[PDB]
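Worksheet: the structure to be examined is printed underneath.
Taken together, the values in this text are just the output of simple stated rules run on the coordinates, not laboratory data. Note that we place each Cβ from the backbone using ideal geometry, even for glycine, and neighbour counts take in every protein chain shown.
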Amino acid sequence: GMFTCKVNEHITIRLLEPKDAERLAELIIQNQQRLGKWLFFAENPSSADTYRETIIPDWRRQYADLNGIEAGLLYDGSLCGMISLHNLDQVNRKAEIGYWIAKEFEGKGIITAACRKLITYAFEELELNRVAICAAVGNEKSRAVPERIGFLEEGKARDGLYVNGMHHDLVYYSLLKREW
Amino acid sequence: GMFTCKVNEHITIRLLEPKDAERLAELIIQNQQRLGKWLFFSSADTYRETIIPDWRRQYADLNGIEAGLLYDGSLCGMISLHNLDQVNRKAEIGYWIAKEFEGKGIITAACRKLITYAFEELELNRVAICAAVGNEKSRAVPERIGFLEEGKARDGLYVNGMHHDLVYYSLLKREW
Amino acid sequence: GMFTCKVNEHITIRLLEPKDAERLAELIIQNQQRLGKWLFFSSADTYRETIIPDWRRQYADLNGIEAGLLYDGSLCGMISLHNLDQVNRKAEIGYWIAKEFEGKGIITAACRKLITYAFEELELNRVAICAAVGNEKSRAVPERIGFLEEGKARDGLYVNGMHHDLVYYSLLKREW
Amino acid sequence: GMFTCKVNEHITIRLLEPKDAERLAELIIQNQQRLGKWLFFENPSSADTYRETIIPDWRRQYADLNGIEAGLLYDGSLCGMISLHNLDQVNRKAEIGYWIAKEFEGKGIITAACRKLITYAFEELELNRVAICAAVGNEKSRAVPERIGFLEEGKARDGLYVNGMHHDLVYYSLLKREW
Amino acid sequence: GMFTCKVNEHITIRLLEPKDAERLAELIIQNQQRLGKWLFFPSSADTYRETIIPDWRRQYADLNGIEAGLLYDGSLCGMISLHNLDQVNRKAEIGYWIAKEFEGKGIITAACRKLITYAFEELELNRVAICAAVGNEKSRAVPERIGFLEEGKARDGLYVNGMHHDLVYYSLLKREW
Amino acid sequence: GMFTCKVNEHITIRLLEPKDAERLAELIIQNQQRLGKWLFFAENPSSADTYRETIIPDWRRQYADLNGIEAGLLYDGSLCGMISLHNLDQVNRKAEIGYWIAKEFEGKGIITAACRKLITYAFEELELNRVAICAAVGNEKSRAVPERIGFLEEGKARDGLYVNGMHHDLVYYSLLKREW
Ligand SMILES: [Cl-]
Ligand SMILES: [Cl-]
Ligand SMILES: [Cl-]
Ligand SMILES: [Cl-]
Ligand SMILES: [Cl-]
Ligand SMILES: [Cl-]
């Protein structure tokens, strides 16, 4: 990585590249039954070849054009999962954050730390005013993230998700620049 | 229009076209300092050359409809289905109408047709409407129709300099 | 469809959609023959991802309309306004329909609507219909509507290894 | 011009470049309307728009292989355009059009350039049919197809809008088994 | 072809066309790699007809470079290109290769010369450069016959089947004309 | 910037963004009657709109597409120049480096320091074999950069540069990944 984001001496964020195709792909299979509650939706497989030629390239192109960041999470130099800034709406000065992490790395404080830099990035660099995270109401290591950083529940989206044939509610949390 | 959507008499819905440009801009200037609370917000050339055509390509590519409203054959506003998300089987609906035509019950009837389309044609499960918190006129729409208030986005809107909260309403395909 | 053209209680003309891909291909195969005599060109895939997407985009950009014909609700064929030439204020109209439905006077009634569009909305001065010099059922159409024969295109067609001539018919605004 | 079409010691045909802009805008205005009849079209556009849009678009079209929009060069310089359009591959046919300045009339330029274009059409493209149409009252173009061996096919009623009005178009086709 | 560059009575240069795709693929397969040294180093008719040839054409339409075929007695014996065009710096490079079957007939030299006049007279560049693997006699000789001067070496400029070789560079200045 | 390259405590490298256009354009008008010896010619120089709408966006896509870097040099926070890796030839495993700096920032070793990070990346990530740098023959300050890091002079380009009306020679320099 020429351009990189050091979160701490253990956590690193960087934009994927095509050569990241294999690990991501494999890294999404090793956890292929679960990873849908964390608003992504890999109930039906990654491909590696698809990631190499289309998804990652599209992701970079998007970073190039400035609508968001689809990035990889790194712990001791290995892809553990991904973090993301999306639904960027400059006029309204806001974006949302998503993320997910391989089970093995659950519990080391990765996502929470990665979100913090990403939050700092969002408020100081993009001069955004609001950042939101959402998570399936249902159970959450994921809701736990906005709650240690200090977001506020603001609402629910009834049937906001459609994972594995099932309808779930989505709960919204938001954090304002002045509160941060 | 070859292709059109009759809501009832007086009220027809249709994609815009380059030639709608001079009037769309006129209609937007006479209302400039309002559409924003209505979640929208101009050089009538830009619409002809860039914005109307983009809205059209976007409809051709199937993600959303940005359409014009017509009262008795004239453009009096817009209605719109955006944030289409086929994976979560949900979308959202926005709208705005020129003062001139307020109170004749257009938006409501227009949304009713749009929701129908969302629900039996795109087979969406969820439809939301979103309104700045202080604008009773828009909120009145989800409310007569039967949506349920779902939450707020703190600081959701940035209208001419200030912060305002947005409030969401939703309708499920089964409550319909 | 949000946006249709209702010809008349049986017949609606409407844009095609990717999801028409499966029926559209079943309907061309069961008619792989007969169809180049009505001057028309693969898989439910190529239609789903490439052909219809471009027709729609063409419509969004304003050159012509490649629409489906719908009898009592389902696709029975397609009607077309092509070679739009604005400067010269003219265009052509082609069309085809599945055998299943050849008796219902669909093509003619659709054509009649599209003609109205060409002259009243597109403000065109001229519309032409073209046909294989030997397709009596095609030739009938312009003729019944009142088009004049203008001439022939020598070898204008190449249908399966062989070539056949094309006959032109035209209709001027001040006649319709 | 690296790649070129030598009609004869006198006439050459070749793609235009952006640098040809100045002299195409200029050669056309020298002659405001004498053009919509010649089936171009008026309100003559500038050198910039020819240099940055029209000529590049013509070249890309040639690269993709549908049609030629080429400049006509009479002994060194730009005296007109000839072109191959409505190239219909499934029906194996195209249409040829052209125009030259009032200054180059008489020298058989169009006729000569057409021939090569046609020859290309029939054995390279392997097209079956080549057509030319022209305004009924525009003997100058008409003499061309009649000179080469095309047959009058029909007239399109009101097929042209030169300036303000409408005139009819007369058609001429030339099949392959036939030249 | 409508548009053609006539080098001489036996040699013509022209843009390739999709239909040229089967012949280029074969011409390359039966030569193969002894062309990696030329500066070419595979893929099919299919890839040539639907991607490589079109990009080539499109780049000719855009006025950046020429990728053309060499024709000996109406037939494709190889290619020549004007690449790395740099209009601001008034310079370009020229490359080529022909099939063995057609070696020794003076084709490459002949087309280079034509290509050169054009680089100098019509595009009005000041500089023209050519390069070649340090040990590719056949290729190095063209520039020297024409009167290009060796300008320098690019260390490890080539990569031919896992080995790296040096590139030697020759330039020719307009006034040296 | 989220993703950057910390060269050292004062010098950072980053992809430029549309909002850097005003500063880039001004820096370019400010110099420019050099900037030719430096091998970066606008010729018909900047225009803050053009860099914002076209030039900076394309550079960003190139970075996404993975074929080069057009980055900004920041001293203590702000643009003082650009570094660049271009002519990326993955097949021959080689590429070239360019860079320019504003006069007021001359002589602090920004370029050298930044080229080393760039090289590192070139040799240990794109895994290139060769890296070159070229410069105007009489551009002592530029020439100094390669020679200080230990490249070797490889040859000359006769009239390779064309500055303000006239021609000058380009001299080439190259570093082979096995000399590191
Ligand atoms: Cl965590
Ligand atoms: Cl209302
Ligand atoms: Cl019928
Ligand atoms: Cl003549
Ligand atoms: Cl030789
Ligand atoms: Cl330095």
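Structure notes:
- Taking only alpha carbon atoms, region D:91-152 gives an Rg to Rh ratio of 0.97, where Rh is the Kirkwood radius.
- Gaussian network model of chain F, springs between alpha carbon atoms under 10 Å - residue of F:68, F:109, F:81 with greatest fluctuation: F:109
- Note that region D:89-98 has calculated 3J(HN,Hα) couplings of 4, 3, 8, 6, 8, 8, 10, 9, x, 5 Hz, one per residue in order, obtained from phi through the Karplus relation 6.51 cos²θ - 1.76 cosθ + 1.60 (θ = phi - 60°); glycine and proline are x.
- Residue among F:55, F:13, F:97 with the largest mean-square fluctuation in a Gaussian network model of chain F, springs linking Cα atoms under 10 Å: F:55
- Reduced Cα scattering model of the protein assembly as shown, Debye log10 I(q)/I(0), q = 0.08 Å⁻¹: -1.11
- Under conditions of 20 °C and 1.002 mPa s, region E:1-93 yields 152 µm² s⁻¹ as its translational diffusion coefficient, taking Rh as the Kirkwood radius over Cα pairs in the Stokes-Einstein equation.
- Set of region A:117-148 residues, backbone N closer than 17 Å to the point 7 Å along the Cα-Cβ line of residue F:22: A:125-128
- For residue B:14, the residues 5 or more places off, or on other chains, whose built amide H falls under 5 Å of its own are B:68, B:70.
- Assigned charges on the beta-carbon of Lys, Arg, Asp, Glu; chain F dipole about Cα centre (debye): 380 debye
- Across all directions, the shadow cast by the convex hull of chain C built on its C-alpha atoms averages 10.1 square nanometres.
- P(r) for region A:39-111, from all Cα pairs and a bin width of 5 Å, is 4, 13, 20, 25, 21, 12, 5, 1 %, short bins first.
- Diffusion coefficient, µm² s⁻¹, Stokes-Einstein with Kirkwood Rh over alpha-carbon pairs of region C:42-114 at 20 °C and 1.002 mPa s: 160 µm²/s
- Cleavage-rule hits (GluC sites (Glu not before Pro)) in region B:82-129: DSSP loop, at most 13 neighbouring Cβ within 10 angstrom: B:102, B:121, B:123
- Between region F:37-115 and region C:133-172, the Cα center-to-center distance that results, in Å: 62 Å
- Listed pairs C:152/D:140; E:91/F:117; D:116/E:174 exceeding 27 Å between Cα atoms: E:91/F:117; D:116/E:174
- Per-selection metrics, chain A (Cα): Rg and Dmax in Å: 15.6, 44
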